[PDB]
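Everything on this sheet refers to the single structure shown next.
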Amino acid sequence: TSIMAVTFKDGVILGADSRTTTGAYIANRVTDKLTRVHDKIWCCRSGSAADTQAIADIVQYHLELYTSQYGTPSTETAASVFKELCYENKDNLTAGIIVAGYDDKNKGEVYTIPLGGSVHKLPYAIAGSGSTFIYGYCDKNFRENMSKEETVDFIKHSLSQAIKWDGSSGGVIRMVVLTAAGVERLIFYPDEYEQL
Amino acid sequence: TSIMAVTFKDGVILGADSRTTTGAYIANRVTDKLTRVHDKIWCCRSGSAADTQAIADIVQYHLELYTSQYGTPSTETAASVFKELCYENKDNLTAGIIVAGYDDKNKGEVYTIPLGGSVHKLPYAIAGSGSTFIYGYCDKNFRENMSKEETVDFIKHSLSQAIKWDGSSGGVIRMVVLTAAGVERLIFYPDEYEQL
Amino acid sequence: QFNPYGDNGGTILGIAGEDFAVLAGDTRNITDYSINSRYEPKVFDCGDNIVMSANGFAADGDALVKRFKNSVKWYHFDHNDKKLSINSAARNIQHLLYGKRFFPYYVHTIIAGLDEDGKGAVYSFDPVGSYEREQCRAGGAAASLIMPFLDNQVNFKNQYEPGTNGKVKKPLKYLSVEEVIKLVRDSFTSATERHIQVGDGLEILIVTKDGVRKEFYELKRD
Amino acid sequence: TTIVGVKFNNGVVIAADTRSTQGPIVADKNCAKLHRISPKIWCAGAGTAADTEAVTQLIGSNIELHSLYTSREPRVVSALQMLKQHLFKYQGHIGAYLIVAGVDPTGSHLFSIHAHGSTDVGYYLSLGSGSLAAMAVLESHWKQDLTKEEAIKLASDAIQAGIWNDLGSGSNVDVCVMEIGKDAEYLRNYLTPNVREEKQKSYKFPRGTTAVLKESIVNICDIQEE
Amino acid sequence: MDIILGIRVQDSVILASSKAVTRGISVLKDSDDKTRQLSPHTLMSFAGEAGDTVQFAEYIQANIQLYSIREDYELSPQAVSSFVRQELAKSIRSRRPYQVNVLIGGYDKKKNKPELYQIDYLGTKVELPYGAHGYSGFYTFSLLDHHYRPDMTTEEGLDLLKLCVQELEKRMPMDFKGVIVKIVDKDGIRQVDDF
Amino acid sequence: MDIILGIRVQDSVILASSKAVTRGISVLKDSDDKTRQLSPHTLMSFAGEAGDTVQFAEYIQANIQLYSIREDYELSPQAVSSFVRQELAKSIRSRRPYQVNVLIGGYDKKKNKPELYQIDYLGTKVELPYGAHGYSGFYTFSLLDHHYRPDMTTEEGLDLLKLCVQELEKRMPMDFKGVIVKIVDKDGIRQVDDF
Amino acid sequence: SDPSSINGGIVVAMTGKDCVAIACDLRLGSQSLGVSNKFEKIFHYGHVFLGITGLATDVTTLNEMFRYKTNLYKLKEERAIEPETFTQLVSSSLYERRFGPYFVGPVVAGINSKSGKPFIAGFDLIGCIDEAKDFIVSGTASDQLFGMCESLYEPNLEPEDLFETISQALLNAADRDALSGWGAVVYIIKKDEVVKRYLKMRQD
Amino acid sequence: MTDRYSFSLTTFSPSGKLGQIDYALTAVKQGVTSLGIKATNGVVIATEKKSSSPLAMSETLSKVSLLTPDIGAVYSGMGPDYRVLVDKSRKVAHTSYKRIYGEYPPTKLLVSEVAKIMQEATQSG
Amino acid sequence: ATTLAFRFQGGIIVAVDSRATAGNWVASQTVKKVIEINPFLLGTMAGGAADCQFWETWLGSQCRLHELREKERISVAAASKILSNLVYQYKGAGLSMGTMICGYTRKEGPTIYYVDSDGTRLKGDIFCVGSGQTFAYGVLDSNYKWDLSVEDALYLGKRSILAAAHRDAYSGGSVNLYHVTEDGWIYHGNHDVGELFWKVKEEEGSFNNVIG
Amino acid sequence: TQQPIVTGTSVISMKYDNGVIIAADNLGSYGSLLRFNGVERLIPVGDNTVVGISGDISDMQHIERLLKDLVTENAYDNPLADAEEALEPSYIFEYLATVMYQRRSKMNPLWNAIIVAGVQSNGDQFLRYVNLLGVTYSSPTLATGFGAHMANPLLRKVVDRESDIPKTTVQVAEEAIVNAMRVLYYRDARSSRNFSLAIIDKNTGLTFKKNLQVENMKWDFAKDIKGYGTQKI
Ligand SMILES: */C1=C\C(=O)NCC/C=C/[C@H](NC(=O)[C@@H](NC(=O)N[C@H](C(=O)O)C(C)C)C(C)C)C(=O)N[C@H]1C(C)C
Ligand SMILES: [Mg+2]
Ligand SMILES: [Mg+2]
Ligand SMILES: [Mg+2]
Ligand SMILES: [Mg+2]
Ligand SMILES: [Mg+2]
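Listed in order, the protein sequences are those of chains A, B, C, D, E, F, G, H, I and J.
According to the UniProt record's numbering, the first sequence holds residues 20 to 215 in order.
According to the UniProt record's numbering, the second sequence holds residues 20 to 215 in order.
According to the UniProt record's numbering, the third sequence holds residues 20 to 241 in order.
According to the UniProt record's numbering, the fourth sequence holds residues 30 to 255 in order.
According to the UniProt record's numbering, the fifth sequence holds residues 1 to 195 in order.
According to the UniProt record's numbering, the sixth sequence holds residues 1 to 195 in order.
According to the UniProt record's numbering, the seventh sequence holds residues 2 to 205 in order.
According to the UniProt record's numbering, the eighth sequence holds residues 1 to 125 in order.
According to the UniProt record's numbering, the ninth sequence holds residues 76 to 287 in order.
According to the UniProt record's numbering, the tenth sequence holds residues 34 to 266 in order.
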């Protein structure tokens, strides 16, 4: 798995590959790892597919009930609910989740929740087995307040390399853009990103 | 450990960090990982320090005796001697060696010998625990037939990132330049490469 | 795997005199080959003229002392401020220790004071609560170095009267508080020389009818 | 165990504590850890004490024969090479961790060597359980172009840090100074900051205190004439 | 414990049980009675893990005696054996199972028939003309297979039992210190005091 | 095998050794002689792992008989015991050590003295007034400590030995099928055929 | 299981004024079972004394080995071996079995016949030499012996005072060890007379 | 190949003479004179440096050799044979003595070891 | 450790050694291995020191509650069974206990029950328990009679512990003697093994193997 | 029972004449990966206490929330919450020490080593340690992890016993702490150049310094070091 989320001038974009493996067998080559827990709060999942789906479903339930009572939750609030589940059940979970969301007050925000269940607010985050190979590239190429097009290029190029070197990553590059304008899904195919 | 060797227009340059660890303790922060087996045939060492020193000493002995009988050995010949030791004693060795050398006929050549004792001739090579973090960066930034200054910058920037992310790497960046003009040693300190 | 136990080193020593008792211990606290503190008190005044030390794993040691001190407080509340006698304190500590029989306090406990006749008393416990009134007891790291010396110099073991050649034992004459303190200091000086976990300082608590007094002495810091 | 080595202007100095232990028990309070490989090549050992002694004497013996064969004074690099190849062959089972220092016709040298056979070069080095305490002092006070007096001071200060802070180290500081164009000076018990205080009591027994069953003369002499 | 034997003859059931109690290195006792009277015409012998054997036997004894008082009636040997089997079958999936094997020798006063039941610690029940637990059967069953007749007298049953014990005393490595023999018939339970 | 005892009295050495040979489940033999005559006035009993015991004993016997023929002379019990110790001390660091414990009872014709040596499989030798291997000593040494005198007759030694065997037969769990008893004195070696 | 504590036993050596003392218990056991109360652990080759604790088969073997070697030494050198030289021989002999060692704790004691200087030394099972000025201890009650020696010892004791010191060090150390005791022997060694004394002690 | 000369080249003649030893002594007789004198507080050994050529640096040829710090040797006869004997004598002082006893051998015993080596060249194959 | 108890004409003799060890290290030579449950009942310590101490004091509390409720002395049978039923509840948890519950009542006479931490409860005439039990059994079995006098029985128990103290490395220190009568137990003193061994050796002529 | 995942290295501290100093680097390691470079591991409680935490970061964040909740709870129905009934360093430590020992007793520890540094109401210096086992101790200098092995020896040269505390100024103490952090950066493979430092003084109060860097580093001597033995070039 190769996943990342990047804040930019107009908000935040989440990116992910589409490969799901059982050992060396690709059980699903068109997986959607970008999951919606609220209208403009999404997450990237890595680790146990069963665990991260179970967690995401519970979070979506919590934020739906939150919204009915208190109105739209913040991205920080969503990250907290994720953290509570991951931290308290750390013995029985294998889950690495990146939370990304867009407020109008706070704009684009990214939170990463690694194995232990800690929370870290960052300008951008990378995770999954494929992320190891792009720590160098992402650190050198990330800038704050990039344009939408620049951020799409940054994520496309980054996950391209992660896919190239990690056998557990591959397929299509999926992206979800979160701005004031709304929610936009993007997809990029192998013939496009392999020639970069 | 973070090590690499890069061929360029005038020959080849080897690069390395200077950190040697025993667990989390830095046993030597000014290690020289660029070792000379012949006048213009050097290597970068990773893995067991005992094993790679023992191997390098034996290779230096073999190439010295070769030279006395048959004249200057090729870089390919040196790589073969390394491979013979690493392959035949694979059960008892933990050694990852990059061999780099300059002929006048063949110019700059790089060979990498990973754990198993296989040989791979490449335009450039990266190895050591820190190399994982710069596969993306090096693949995106390497060009063939670079100038000396460009190659120094490429290695400096690459190992800078490897050092930044890998706890097992650090200290100074050492480099050795192999050309027709001779053998040049370079050193770059933390205050220089950390601000890149 | 998580190991709930540790070893903080240290060595303690209790000696019962005719009308007094001493409980001594070194002030060094360690883990593995490092020193945590050169002065971390290990012997405590628990009230009612009772002194206590629980040597071994310091977390368990602190917990037990804390719970016993608490037991003294509640004994006063429940029984009209009655003084907790040393024998009653000893039986109470057995139940505190045996309460965790299947997850023990990893300590060797010693208490000292005076019995109800005013005579010096020392009680010694194993980790799970078996106990005995004793005249002399060393505990902890250098206990094996100290006890044989005390058998010889306090109880005059293997000592006979010159001229009789083994026929008449050396008579067991009573020792003063000044005499006992000399043997304690020499016991710890000797232990410091040959045991790496013993050193830094020696703190002695002396119990008489007048109350509890403290004495401190430097030990080698290497 | 704390052992250090420090380079200076015209030579090199090594130092060591004097405590040897078996578990938590101190076996010898005044142990000698500075080993002579040759007159002007000395090394300090940590780890298994028999191994550090044996490997020193073996290489020291072979170094002497080599010196006689070649009519040349022994070199530090020779001792280093012979030590590492021997230790590598035994794959760490010979538990010798050494700091090797000396002067020879090539100059002054300072190396470390580990049980598996890897070696290092440096201006200041430390080994043993008290090496972290010692290295803290070395990293705080070392500079280029140290004098002989400054190096002895630094080395002994580094050993002291081990003596006081590491339970595996204690007692006294031994030093050996190897200067170019001079005899190596071995300073046994250079510092003595751990003398035991007088005891409170004398434990000398009255004669006849111990019970005896039998007495007899033991014949240590050979079979006699006549 | 070790050897427990049982044989059902014409008009009675005979149970033989060893007298030794060994705790590892030493033989602590040589007169131990490994049996409990459950009711006037029902006897149970037992062998297995220390402590559990007697605990189980006395527990069963108490339950049958309770039934006897409540109903003023003696349960049939078959009924008692079924109760015992269920207790052991329940026990085998417990937190800590009873490690006890039993023989139940009873005389059914309704049918006027002796009955022998063999039950192991798993709750495996079988009605037999003769039975054993542990290694006892390995030595004795070949002799019983040869000599046994369903119309044997009590005296003939005791003689065949003596031959079984003699073979055990010859070929078994352990010294089980002889056996206590008890007879269960229409008149109740009695012990053969010379064997 | 199991129990081997030895007692040195005034004028002789008496060795008692069990007769049982047990292979796991069954007692295969009840008349096994766990001893070898090394020389006319030297006897060795043995116990340990199956096969190795007899192999070692016969190997020693062959070597001593070879020495006797070469020199036309009987080695002293002390000399024989030292040879045996060295063989076992050599064996313990071998690829596969002899797992054999021995007692050596001999009468020294030069000194006119009986001698008993106890050697275990490690090569641990001790000269004793009485000795044993395995668990035998645990049961018998308290009796021997009480009754033993250095001036005992052979008949008194046999009586004390009977008391030792009786205690073994009472408190030991295993049936060792009695003992074969042999006496070593100035006239040589003889077996007590009623014990 | 641990070879150095199957049989049990202890040895202690001390220096005095123009004299040395070496002492040992007499127990040989098989773990809990006491087997022999006459197993002496001190031997001598000329004027050099050697105590050996640990595995009893190795104790006997090494004694026979050093008797062997010192007898050849004497025939070739035409003189008795000295304590300093013998100490090196013990160390050499133990280290030759580096990866298959004798499970022992040897102790050397004696007086150099030429210099008159008292000498003691101790070894680990692999040959490391502990050459103490004051005292050497060895065996299953070595902790106890360290405790006794460290407090009881003072330098320059006269032969008959040293006897009392070393005896009381051994006795009280042994009485705190299950695998030591069952009798004790003390050697008092001077330049040309050696006295051997068996001590009366508890037999449990 | 293999050394197929496993038989003695020195043998007794009918008169009881060992020819090769006698002839070796003849070679010694032709050799340059060397001597030794023992005093109460020391010993001296001396010989002539018979230089084969004046262009040769005779300081580089050592006829008098240190064996141990307290033992020295000189010879008469075949120089090359001496040189290898010195190498063997230096080594045997360590292997058969110093590595065992932690001290250098006494003169008589080192002599005994050198003598043994020379005896074996008189009987070996 | 070595503990014994045997029934005879005059009641029960209980004898124990006094040594406690942790590995080879002798922790104490002055251990009290006879637990005075009450003035009529005695228990012996073997196995776990705490387990024996704690639960046999607890037993004394249960016995006291019994006689308060029933206005009658508790039987040895009932007292021993309270303890065996208790340790049986804990079976598997790791209790370590080997004890003889000894008493003398009107209805039973002198009675001894061996109680053990895996649930065993055995009535008997002679019991021995501990690392030195085999040595003590030898002396007991060869010298025991029902018609021993109180004096001779006391000596037999003393001599049997001495035998074990000598041979067993983990037994020794001193011998504690008790004599249990119908009117209660009577303490018969502490006897140092060191002094007792030499005394017995001379007077009895035994231990000729040992030089004195 | 668990294992630490994201971890923080050494916390170091010492007493001086008028108060205490405490320091810790800003790194959150993920095994050998130097993952997070902006982690604050010194957490102030009021104006009199700073709690320094090493080990598992997820547990550190949990402890941080417990301390934040402690301040809220103390203010409830407490008119003197900012005066006489404010939280003391000794109160904060005893609470944490209780939690740490309880958690280890349930076989579910907070995988940390903690140092509570502060100044009490009466001006007394407070410095005490607690870890995942519930083990506690006090000393003139305290350090966790690698700091225990390398910092303590250096800090103990300044304050070797209790009587050295009044002789030690804040300048000398801070200097010693800053040097120790440099030594740790040289020698600890899980350390970073960036760190935070806090001073709690009885006169000048709490001074919290962020974004400090290790400076005045010696590396020049590395240029002369060649090979591992015999190599000259
Ligand atoms: C320096 C201390 C260390 O570097 N390491 C601590 C381990 C200590 C080793 C050494 N002690 C010994 O060699 C003692 N013998 C010994 O350990 N033998 C081993 C055994 O388990 O018995 C065998 C050989 C495996 C000896 C002193 C009795 C030691 O003290 N090292 C010092 C320094 C090098 C003297
Ligand atoms: Mg799961
Ligand atoms: Mg891929
Ligand atoms: Mg120290
Ligand atoms: Mg003893
Ligand atoms: Mg005993």
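Just so it is clear, CB atoms sit at the ideal spot from N, CA and C, and this is done for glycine as well.
Within the same chain, show all residues whose beta-carbon is closer than 6 Å to that of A240 (chain I), passing over the 5 residues directly before and after it, in chain order.
-> Closer than 6 Å at Cβ, skipping near neighbours: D92, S246, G247 and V268.
Can you tell which of I:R82, I:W100, I:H266 and I:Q84 has the C-alpha that lies nearest to the C-alpha of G10 (chain G)?
-> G10 (chain G) has its Cα closest to that of I:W100, out of I:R82, I:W100, I:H266 and I:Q84.
Would you say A157 (chain C) touches ligand 6, meaning its beta carbon is less than 7 Å from a heavy atom?
-> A157 (chain C): no, Cβ never under 7 Å from ligand 6.
Given a threshold of 16 other Cβ atoms within 10 Å of its Cβ, counted over all protein chains shown, does residue 218 (chain B) qualify as buried or as exposed?
-> Outside the shown range of chain B (20 to 215) lies residue 218 (chain B), about which nothing can therefore be said.
Backbone secondary structure at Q123 (chain H) - three-state DSSP = If DSSP states are grouped into helix, strand and coil, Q123 (chain H) belongs with coil.
Using CA coordinates, which residue listed in C:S206, C:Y179 and C:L191 is at the minimum distance from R156 (chain C)?
-> Of C:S206, C:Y179 and C:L191, the residue nearest in Cα terms is C:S206.
Using a C-beta cutoff of 8 Å, does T148 (chain D) count as contacting chain B?
-> Chain B has a Cβ within less than 8 Å of the Cβ of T148 (chain D).
Contact with chain G by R93 (chain F), beta-carbon distance below 8 Å | Chain G, which has a Cβ nearer than 8 Å to the Cβ of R93 (chain F), makes this yes.
So, helix, strand or coil for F176 (chain E), using DSSP?
-> In the structure shown, the three-state DSSP call for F176 (chain E) is coil.
Is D79 (chain C) near ligand 8, judged by its Cβ being under 7 Å from some heavy atom?
-> Ligand 8 is not part of the structure shown, which contains ligand 1, ligand 2, ligand 3, ligand 4, ligand 5 and ligand 6 as its ligands.
Enumerate in chain order the residues of its own chain whose CB-to-CB distance from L103 (chain C) is below 6 Å, with the five nearest sequence positions on each side excluded.
-> In the same chain as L103 (chain C), and ignoring 5 residues on each side of it, the C-beta atoms closer than 6 Å to its own belong to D67, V91 and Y94, in chain order.
When the distance is taken between beta carbons, is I43 (chain D) closer than 8 Å to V55 (chain D)?
-> For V55 (chain D) and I43 (chain D), no; Cβs fall outside 8 Å.
Which value, in whole angstroms, describes the spacing of the CA atoms of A174 (chain G) and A142 (chain G)?
-> Roughly 6 Å between the two C-alpha positions.
Report the neighbours of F210 (chain I) on chain C: residues whose CB is nearer than 9 Å to its CB, in chain order.
-> Under the 9 Å cutoff, chain C gives no residues; its nearest Cβ is about 25 Å from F210 (chain I).
Quick one: is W144 (chain J) buried, meaning 16 or more other Cβ sit within 10 Å of its Cβ, or exposed?
-> Around the beta carbon of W144 (chain J), a 10 Å sphere encloses 16 or more other beta carbons of the protein chains shown; the residue is thus reported as buried.
Closest Cβ-Cβ distance between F87 (chain C) and chain G: below 8 Å?
-> Answer no: the Cβ-Cβ gap between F87 (chain C) and chain G never drops below 8 Å.
What residue range is occupied by the uninterrupted alpha helix (DSSP H) comprising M183 (chain J)?
-> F179 to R189 is the span of the alpha helix (DSSP H), which, as asked, contains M183 (chain J).
Start and end of the alpha helix (DSSP H) containing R136 (chain J)?
-> Segment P122 to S138, the alpha helix (DSSP H) holding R136 (chain J).
Do you know how far the Cα of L116 (chain D) is from the Cα of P84 (chain G)?
-> Straight-line measurement puts the Cα of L116 (chain D) at about 32 Å from the Cα of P84 (chain G).
Below 8 Å on the Cβ atoms is my guess for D70 (chain B) versus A114 (chain B); work out the distance and round it to an integer in Å.
-> Between the beta-carbon of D70 (chain B) and that of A114 (chain B) there is about 5 Å, and that keeps the pair under the 8 Å contact cut.
Exposed or buried, what is residue 222 (chain E) when buried is set at 16 or more other beta-carbons lying within 10 Å of its beta-carbon?
-> Past the edges of chain E, shown from 1 to 195, lies residue 222 (chain E), and the structure says nothing about it.
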